[PDB]
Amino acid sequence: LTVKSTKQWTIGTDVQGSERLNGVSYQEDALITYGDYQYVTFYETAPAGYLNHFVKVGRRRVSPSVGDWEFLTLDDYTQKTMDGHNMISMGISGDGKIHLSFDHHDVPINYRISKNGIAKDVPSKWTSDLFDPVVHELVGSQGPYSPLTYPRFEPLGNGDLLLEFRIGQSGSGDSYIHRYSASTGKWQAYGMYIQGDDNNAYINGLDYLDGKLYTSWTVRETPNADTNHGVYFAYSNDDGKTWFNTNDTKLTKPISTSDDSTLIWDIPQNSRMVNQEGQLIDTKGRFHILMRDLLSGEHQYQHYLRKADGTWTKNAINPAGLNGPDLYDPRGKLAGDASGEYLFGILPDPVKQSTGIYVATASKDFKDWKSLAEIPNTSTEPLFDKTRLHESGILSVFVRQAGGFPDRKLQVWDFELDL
């Protein structure tokens, strides 16, 4: 496997402040291909300047030829909170509507939707008036909508879309799922699906494939990030309503963080393992988790693999040149190609201030990690486009540069793979 071509685009100037608002690990998602177009969302500085931002949404054509990015500015909602939690997630439903949820740290939901199915019936003109106002509920569904952190979208197989988030706080919180029907345009509540017990679960993402929804998490006791413990897993065969552990044992609804039956790896507190890193269902149905810890004696990225024979394995990702991250360093992701043979570790390096793209193969039990490419000059939690990789064999990555405002840009890097 080799890179046929490498291209980059600067899509905006990052915002100024002591927190990272763009390129955050739990954006789900920031960069999405739907039909023939790719979409991206990020904050840019509003005319009021420092500590005033607007959400932007970019689009470009990617099939059958790649066209130029164009952007709209949502200049009716000013993001003002310098808190690295307050990121943006986007989702696109099978009616073509684009959904955005953003700007939360233990506050009520902030959500909006396109008026029409602009990703299906693609308008000529790309402007802000394609979006409805910001609302603080999900029409058709019910609360609680506060205190909300971590909106995550997952597109389902019938065009529907899940929206998942935590209600409560670090060290004491629960998570919920809501489902948007593409056929009716109404949301419905799936309710609480994981319940804390004077702690909170921190999921790594949502992964849906062929009618099954997968997630993994750690449990956090207190607002101190050293108090994470365990690596957990569950899946659902009904889009979030009911859940099973790794042994196909049905769980209680909601899943309790006290139920050890979802534990797949014992990781104590003070292991230097961070919440909300990376997960992946590959296209052959093997589940993968990216975490980190110091348990070997050195800080290293860790790959957890749920094998087909049922067994979990854990292997350090330690290819030559990769500096291992500590608790607070940027978080990575895992991506997969259409075949399921290739696993990509998209791993920010805290020494180099760059993002390494490493590849392992299913034939080698993913032990063969190798440096494939690098995105230089990043201070970001890199985020990729799942669909674009599956459909075209292009690994497309959204990144915040390193460096100082206003030199520090937002970019999309495309690695055309020789698949």
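Counting begins at 1, following the sequence as shown.
If you average the CA temperature factors as listed in the entry, which stretch comes out higher, 373-381 or 37-45?
The recorded data point to 373-381.
Which of the two stretches, 334-342 or 131-139, shows the higher mean Cα temperature factor in the record?
Between 131-139 and 334-342, it is 334-342 that shows the higher mean C-alpha B-factor.
Which of these has the highest Cα B-factor in the record: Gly196, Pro254, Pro147, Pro151?
Reading the PDB entry, the winner on C-alpha B-factor is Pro254.
If I read the C-alpha B-factors straight from the PDB entry, which of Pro108, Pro319, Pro325, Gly159 is highest?
Comparing C-alpha B-factors across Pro108, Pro319, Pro325, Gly159, the top value belongs to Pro319.
State the tercile, meaning the lowest, middle or highest third, of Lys307 with respect to the CA B-factors recorded for its chain.
As the PDB entry reports it, the C-alpha B-factor of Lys307 lands in the highest third of its chain.
Which third, lowest, middle or highest, does the CA B-factor of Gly23 fall in along this chain?
Lowest third - that is where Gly23 ends up once the chain's C-alpha B-factors are sorted.
Taking the C-alpha B-factors as the PDB entry records them, is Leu295 in the lowest, middle or highest third of its chain?
Within its chain, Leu295 is a highest-third residue by C-alpha B-factor, going by the deposited values.
Within this chain, which third does the Cα B-factor at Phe287 fall in: lowest, middle or highest?
According to the entry, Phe287 has a C-alpha B-factor in the chain's middle third.
Going by what the PDB entry lists, where does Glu221 fall on CA B-factor within its chain: lowest, middle or highest third?
It falls in the middle third of the chain.
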